[PDB]
Enquirer: 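Dropping a structure here in structure tokens format, bear with me for questions.
Hydrogens, waters and symmetry mates are skipped; everything else that's a heavy atom, side chains included, is used. The chains referred to below are lettered A, B, ... by the order of the sequence lines, with proteins before strands, and numbering in each begins at 1.
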Protein chains: 2
Amino acid sequence: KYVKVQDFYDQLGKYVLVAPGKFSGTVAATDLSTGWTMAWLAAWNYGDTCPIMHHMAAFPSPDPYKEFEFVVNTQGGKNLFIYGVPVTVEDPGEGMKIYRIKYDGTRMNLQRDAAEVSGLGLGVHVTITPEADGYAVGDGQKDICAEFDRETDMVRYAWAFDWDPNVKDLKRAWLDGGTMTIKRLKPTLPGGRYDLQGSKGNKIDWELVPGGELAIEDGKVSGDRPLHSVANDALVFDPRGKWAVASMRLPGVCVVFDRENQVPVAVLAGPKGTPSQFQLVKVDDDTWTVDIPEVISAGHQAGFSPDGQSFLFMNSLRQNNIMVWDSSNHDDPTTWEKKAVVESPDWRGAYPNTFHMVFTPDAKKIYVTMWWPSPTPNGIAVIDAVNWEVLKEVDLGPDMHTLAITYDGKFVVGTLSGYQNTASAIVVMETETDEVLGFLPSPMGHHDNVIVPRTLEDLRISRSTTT
Amino acid sequence: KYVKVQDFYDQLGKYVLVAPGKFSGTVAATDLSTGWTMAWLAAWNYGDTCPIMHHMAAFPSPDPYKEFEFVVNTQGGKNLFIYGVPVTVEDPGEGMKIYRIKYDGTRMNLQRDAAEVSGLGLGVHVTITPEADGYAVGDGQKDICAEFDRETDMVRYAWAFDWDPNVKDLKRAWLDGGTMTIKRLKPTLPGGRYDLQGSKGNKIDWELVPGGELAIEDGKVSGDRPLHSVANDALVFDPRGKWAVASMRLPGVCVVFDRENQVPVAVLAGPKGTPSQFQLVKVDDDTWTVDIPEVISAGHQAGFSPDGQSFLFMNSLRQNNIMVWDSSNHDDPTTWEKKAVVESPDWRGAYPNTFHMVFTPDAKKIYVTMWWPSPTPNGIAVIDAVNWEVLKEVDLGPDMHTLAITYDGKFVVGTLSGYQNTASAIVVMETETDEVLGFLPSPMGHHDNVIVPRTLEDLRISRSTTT
Ligand SMILES: [Cu+2]
Ligand SMILES: [Cu+2]
Ligand SMILES: [Cu+2]
Ligand SMILES: [Cu+2]
């Protein structure tokens, strides 16, 4: 006669959800087949003075219930003062830690801070390589992204980016175009180490939040070198191998990198009305430039379809759409050409903004997020990835963040995070008829979440190809 | 075709669950009618450097969805080192904070630390007065409990307890009896403030855990004055008013206090093998003693039925049973007489221990917890409180903590907490047929939980009359 919540979990399958919690200072694994939290960790327990637990990704495991490993990073400094929490720690730790954690079937074990090992600290998106042999991190305060080895936590290659505006006034520095520099970043310390932990390398004193291109232009973001910011976000991976793609928010471009040869190969132009690409110019063995005549919109989410056939870059704020390239030629990214743009009245005004996406395994649909400042309901839009069309939107609640999918394609599992001070939850949506099945408690300010993959194939629709 | 978890919540009613997280550093409110966390708070944001968020209790609100207030305390110092977490913290805070927090319909707001206001910091159970005009806190390291005014956060009265063992060897200090002193504790600083914040007043360096009486007896608990310990736990309230009862773990007694007259009036004797009461002896206007010829077993949980007719104290470890007194004479607690003992052949070992309870509104049933160290399944026992017999025992999972009940009496909502490093969750049991309806995620190490009450009568089955 009474309803068992167990009936709800039974339908979901044997899948493990993991999410960090931003200001909660915690990270947590949840068994979607029973409702239990399997294990949680609090970084304060380890001496972390600013445990803003940020992005994460998990390596595949043959049985996540027996063990899995993941990478979760942190932010610090003035990132602590971004929200409507009246924080009282005026001088917090610097963050930019890159933690390696292993769930061992019972508990989470903090293995180390890869930022200490490598010397490179980075605080935005974390992704797993498609071979599950490494991971990558980006950062929009220091504009560096890097691919790291899973066994050693050392950098394989790191890239620094810089902006040289046509017009040396913050209001016009991006709109009126400029030249971006792509620079090979080499170790400066003994033992192959970098000297780029915590705040070292910061151009700006906090990460640009949604709409932050306007704040930086308006002189409202402090830092050493704001005129030269690009706000790198992520380093995402072609599921077919070989290529990694770095997203650059403020110049509205993605840079395609050859992973093994450690050179950029292509620059993709985000905004609608630009060509497919800009010309990459080699200056020397460590340095490349690209000239961008004007930037009519910043962009944000970048990622691939699970078959590598499509690459997507979201324009956000000044334009809101999804720019789509034909990346079917795996041999030569300079031939990748614009094939579609997803547009919709759902992209009402300056908001909502779409920062996250997940594909179905067969690549026919995608679930993308619709974020707004409080108090407009935030939610999910469903995209037809064959005809490049928005099918449906659903309203959920405050502060929508990331989306994952169970590896059978059946359920999208997302996080809402209360702007760090109000309502937060896990949402479950079924992909057959695109109905919201409801919410699970989650007292965490999640900016990321994954389902733990079992195979390399699973990684194609996990935190590897998209953010 | 798809099960909506919303159907599960629709059945529970409009009730708000609140729980702190111990090593998580956090506290959270959950809407049982939708699955959302309503709001959460991380005490590191407020400069707490040892945010072991410990016990708590909520005041009644006419509408918890619009606003409610609660009290949550903290522990620190060497309590950080008691669990399986390999903590690395070099200068941990001392804890013993007593935070006042207000939920305002959107977020949690830290109001203040009442230990700073009053000068008295206490780290174990927190309970609300039956009038909702005050709260009380106890502490088993300092052996102090006090009742505080809700508006001013100042002490109404405080009591300090001390053990004088017959035999001055830790192994025998309790088993061979002694004399406990009950002493009025008066302030020493300007403005009527105590000088007892943080570790000030600790006789031992951490709270005794389950079976901790063996630890202290074996010389394994550091402190300046362990021979003097009684391990106060709680100050619970007769729902009929007038009386408050302080539980003493190590001597196996409870002391009944006249709240308004500020005097003790009776000492109830815990273990099977003792009379109903021990004799209270007045030494002077501020000081009483009680002689205990032998402590047969330590005790723990203490509380009243919602009609105040029964009073219960659990014997734990050396005996595991529920000792029950006839407290129907509200005029004179010296008349309170043992009327029953709940016993089971399943409780014959050292474990399980039963540290928590909640009654149904009509006082006919009790839900009690069954705690064991890893890896024995912990769970809930259902007690017939008319005939004083065990009805049912259910296995749930690791590290069972507290119990609450919806105020219509339909659902028991408890917390399991992972020993701070493994699986944790909220459990829901329906009380009609005592079936476990299942679990909700809860990435917290809860040692307390409540449902926000609406009325004074609701408190009778909240964190007021029992722990
Ligand atoms: Cu991003
Ligand atoms: Cu973020
Ligand atoms: Cu207790
Ligand atoms: Cu506790």
Enquirer: Can you tell me how far apart OG1 (B/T88) and CG (A/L110) are? Round to the nearest 0.5 Å.
Expert: 7.5 Å

Enquirer: Pick one of side chain, backbone, both or neither for B/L80, based on which atoms fall under 4.5 Å of a heavy atom in chain A.
Expert: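 Only the side chain of B/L80 comes within 4.5 Å of chain A.
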
Enquirer: Tell me which of these, B/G35, B/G438, B/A425, has more heavy-atom pairs under 4.5 Å with chain A than the rest.
Expert: B/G35

Enquirer: Heavy-atom distances under 4.5 Å only: say whether B/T106 touches chain A with side chain, backbone, both or neither.
Expert: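 For B/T106, heavy atoms of backbone and side chain both lie under 4.5 Å from chain A.
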
Enquirer: Taking every heavy-atom pair that is under 4.5 Å apart, which of B/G21, B/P86, B/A28 has the most such pairs with chain A?
Expert: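 Between B/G21, B/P86, B/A28, the count favours B/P86.
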
Enquirer: For B/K78, does the NZ atom sit with more than 12 other heavy atoms under 6.0 Å from it, leaving out its own atoms?
Expert: no

Enquirer: Suppose a student defines contact as a heavy atom less than 4.5 Å from any heavy atom of chain B. Which residues in residues 39-51 of chain A would they list?
Expert: A/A39, A/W40, A/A42, A/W44, A/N45, A/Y46, A/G47, A/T49, A/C50, A/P51

Enquirer: Return yes when atom NZ of A/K392 has more than 12 non-hydrogen atoms of other residues, nucleotides or ligands closer than 6.0 Å, and no otherwise.
Expert: yes

Enquirer: Can you confirm if the aromatic rings of A/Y2 and B/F411 lie within a centre distance of less than 6.0 Å?
Expert: yes

Enquirer: Strictly distance-based, threshold 3.5 Å: is any side-chain N or O of B/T37 a donor or acceptor partner for the main-chain N or O of A/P441?
Expert: no

Enquirer: What are the two closest non-hydrogen atoms of B/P398 and A/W36, and how far apart are they?
Expert: CD-CH2, 3.7 Å

Enquirer: Please confirm whether the backbone N or O of A/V3 pairs with a side-chain atom of B/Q11, one donor and one acceptor, at under 3.5 Å?
Expert: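 Side chain of B/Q11 to backbone of A/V3, a donor-acceptor pair under 3.5 Å: yes, one is there.
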
Enquirer: Counting heavy-atom pairs under 4.5 Å to chain B, which of A/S374, A/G445, A/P92, A/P443 comes out on top?
Expert: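 Maximum pair count with chain B is reached by A/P443.
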
Enquirer: Checking heavy atoms, do the side chain of B/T34, its backbone, both or neither come under 4.5 Å from chain A?
Expert: backbone

Enquirer: Check this for me: A/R112, atom CZ, are more than 12 non-hydrogen atoms of other residues, nucleotides or ligands nearer than 6.0 Å?
Expert: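 Open.
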
Enquirer: Does any backbone or side-chain atom of B/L396 lie under 4.5 Å from a heavy atom of chain A? Answer side chain, backbone, both or neither.
Expert: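 Interface part for B/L396: backbone (N, CA, C, O).
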
Enquirer: With a 4.5 Å cut-off on heavy-atom pairs, point out which of A/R107, A/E90, A/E435, A/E430 contacts chain B the most.
Expert: A/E430

Enquirer: Identify the residues of residues 417-424 of chain A whose heavy atoms come closer than 4.5 Å to a heavy atom of chain B, ordered by number, or report 'none'.
Expert: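 Counting heavy atoms that sit under 4.5 Å from chain B, the residues of residues 417-424 of chain A involved are A/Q420, A/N421, A/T422, A/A423, A/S424.
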
Enquirer: Who among B/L416, B/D31, B/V428 has the most heavy-atom pairs with chain A under 4.5 Å?
Expert: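 Most heavy-atom pairs under 4.5 Å with chain A: B/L416.
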
